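In structure tokens, the next block holds one chain alone, the form deposited in one PDB entry.
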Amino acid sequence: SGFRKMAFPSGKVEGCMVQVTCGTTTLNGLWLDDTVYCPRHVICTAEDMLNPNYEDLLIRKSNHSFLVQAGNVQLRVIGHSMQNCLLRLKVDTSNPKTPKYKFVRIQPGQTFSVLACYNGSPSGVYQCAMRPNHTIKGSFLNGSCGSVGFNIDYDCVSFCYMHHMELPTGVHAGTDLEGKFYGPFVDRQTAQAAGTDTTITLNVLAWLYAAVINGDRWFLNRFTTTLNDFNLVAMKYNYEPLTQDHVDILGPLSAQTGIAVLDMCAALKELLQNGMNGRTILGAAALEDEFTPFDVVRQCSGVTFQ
């Protein structure tokens, strides 16, 4: 029983974190096999950031311009390329701790674990979601650049995020592990701001199913609804429209609770229209949208509470 924001065990990833220094800037890198991946802005000075030309800045550097430390040991750099907004440093040593891994570009609404690091030392781990506006609502301080996000499937680490920057609203922006940004953001100092966000409807519904599997059905009602009718309500409350695809996804959860997806949607619209009346769901006072349907099945009993 119970339900919590659960992160994946971070061990396989801790073994990959290193420190990367170039001139006066130090940040975190990811050491897999004989390559270290980090944000390219490690080669910038404060004023560089105002309008960097990374191609121009990088040609001016050599292999010995970079200092990579793994714990107490310095790794020798013997090559370097820029891949999009990332640097790849070839090093003279293969990481003995390299887990089986892939690089995946995550979709909005999906969740992942973040291992926050400073100076190449893991400091904490937490779960978060890729917002519709392509930001994540993280917890990062200075020096966290290079921290990564990942999921774990069997023994395989799927790396999906590397942290680059914080936006004026205190939310965070970064790239996948090929250095392509999530969202319309760039790695330089500008007036860029998060676009307006929206609530992840599929996740909220998943979470309501979670509440039921865990023996709670107070918010339910006798009504059902049309996709179209639900979506008129969604618009008004800044929720993403529900699509037939999302209804299909909620299949398995619908079956194990015996609650038709569109009936759940009827409950959801009632909650949005009537508020929660000072009550809680899964201990929360407002609707939660950072659990996917996958997260729910991961963590919940395969047997519902009644």
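Heads up: residue numbers just count along the shown sequence, starting at 1.
Missing here is the form deposited with a small molecule bound; even so, the following discussion is about that form.
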Checklist entry - When the small molecule is placed as it is in the deposited bound form, which of 222-230, 204-212, 72-80, 164-172 ends up with heavy atoms within 4.5 Å of it? => result 164-172
Checklist entry - Taking 4.5 angstroms as the cut-off for heavy atoms, does residue 189 touch the small molecule in the deposited bound form? => result yes
Next on the checklist: Residue-level question: is residue 115 within 4.5 Å of the small molecule in the deposited bound form, judged on heavy atoms?
Outcome noted: no
Item to check | Any non-hydrogen atom of residue 49 within 4.5 angstroms of the small molecule in the deposited bound form | outcome: yes
Checklist entry - Within a 4.5 Å heavy atom cut-off, is residue 101 in contact with the small molecule in the deposited bound form? => result no
Item to check | Option touching the small molecule, based on a heavy atom within 4.5 Å in the deposited bound form, out of 143, 183, 122, 109 | outcome: 143
